[PDB]
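Here's the structure we're looking at; comments come further down.
Here, each number is a calculation from the coordinates, and none is a lab measurement. Here the Cβ is made from the backbone with ideal geometry for all residues, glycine too, and neighbour counts use every protein chain on show.
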Amino acid sequence: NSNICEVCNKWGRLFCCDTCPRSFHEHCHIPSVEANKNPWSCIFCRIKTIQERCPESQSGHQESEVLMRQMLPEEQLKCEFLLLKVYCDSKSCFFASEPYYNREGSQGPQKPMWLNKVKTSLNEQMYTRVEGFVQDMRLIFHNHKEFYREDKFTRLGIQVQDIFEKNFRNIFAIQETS
Ligand SMILES: [Zn+2]
Ligand SMILES: [Zn+2]
Ligand SMILES: [Zn+2]
């Protein structure tokens, strides 16, 4: 197994996947690494199993259909995995914890949002459809772009949104387009 966390790339108290060489801090994995379970398989491995059990699940889909899906266990898992792919990027630090807004010439957003809040909402089964999870994720970056206006810091929202959107298209097998 790897000797660093797959998510944050640091050493520490690591839990090792039984079916692949990845390792994780307890609260870096999503969901948080399960108490018992020998063997244990990470979220990467659980997603790959879904695909292997239903190869047709990789055929192209329309985003509008994916958003309307109810949050049954496979969709729950796919959203957890997508959230974890965003935490995998180091620039997620800027969007992890609760923001505050005091900048001359700007007003904070009406509905603040952040990654740890989405993480808690998934854990608590607060989303009934994929659409709820995706709307809160996109709101994080939209809030950032609107608040930072012409400051070059706006670019961090574009960058992490691009990670989100590429992983969304991959995980949910969105039909490729020009
Ligand atoms: Zn970690
Ligand atoms: Zn694994
Ligand atoms: Zn099938």
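Only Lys, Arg, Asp and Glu count, each charged at its Cβ (+1, +1, -1, -1), so figure out the dipole size of the stretch 1-59 about its Cα centre, rounded to 20 debye. Mind dumping the intermediate values first?
Details: 7 positive and 6 negative charges, 22 e Å.
With only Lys, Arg, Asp and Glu charged at Cβ, the dipole is about 100 debye.
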Under 5 Å between amide H atoms, partner at least 5 residues away or on a different chain: which partners does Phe15 have, H built in plane at 1.01 Å? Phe24, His25, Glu26
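Given the -39500 (n - 2.57) contribution per DSSP H run of 4+ residues, what per-residue ellipticity at 222 nm results for the chain, rounded to the nearest 500 deg cm²/dmol?
Taken over the chain, the calculation gives -14000 deg cm²/dmol.
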Between the stretch 98-148 and the stretch 44-86, how many Å separate their Cα centres? 22 Å
Which ³J(HN,Hα) values, rounded to whole Hz and listed in residue order, are derived for the stretch 124-133 from phi using the Karplus coefficients 6.51, -1.76 and 1.60 in 6.51 cos²θ - 1.76 cosθ + 1.60 with θ = phi - 60°, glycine and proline given as x? 7, 6, 8, 9, 8, 9, 3, 3, x, 5
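Too long at a 29 Å Cα-Cα cut-off: which of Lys78/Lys152; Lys37/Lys111; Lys10/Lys166; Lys10/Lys111?
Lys78/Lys152; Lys37/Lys111; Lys10/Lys111
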Quick check on the exposure proxy: order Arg103, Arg138 from fewest to most C-beta atoms within 10 angstrom. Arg103, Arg138
Under a point spin-label approximation (7 Å from Cα along Cα-to-Cβ), what is the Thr154-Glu26 distance to one decimal in nm? 4.2 nm
How do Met68, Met137 rank when sorted from fewest to most other Cβ atoms within 10 Å of their own Cβ? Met68, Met137
Rounding to the nearest 10 and keeping the result within 0 to 90°, find how far the Cα-based axis of helix 154-171 lies from the longest principal axis of the chain. 30 degrees
Added length on full extension, which subtracts the Cα-Cα distance from 0.36 nm per residue, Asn1 to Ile50: 15.4 nm
Under a Gaussian network model of the chain whose springs join Cα atoms within less than 10 Å, the largest fluctuation of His29, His144, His61 belongs to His61
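Over the stretch 60-178, what is the relative contact order in whole percent, taking alpha-carbon pairs under 8 Å and six or more residues apart? Intermediate results must be reported in sequence, preceding the final value.
Values: 121 pairs, mean separation 45.5, N = 119.
It rounds to 38 percent for the stretch 60-178.
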When the Karplus curve 6.51 cos²θ - 1.76 cosθ + 1.60 is applied with θ = phi - 60°, which whole-Hz ³J(HN,Hα) does each residue of the stretch 36-44 get, with x for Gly and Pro? 9, 6, 10, x, 10, 10, 5, 4, 4
Along the stretch 5-16, Karplus-curve 3J(HN,Hα) (6.51, -1.76, 1.60; θ = phi - 60°) to the nearest Hz, with x for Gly and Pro, reads 4, 5, 7, 9, 6, 10, 7, x, 6, 10, 9, 9
The helix 73-88 Cα axis meets the longest alpha-carbon principal axis of the chain at an angle in degrees, between 0 and 90 and rounded to 10, of 60 degrees
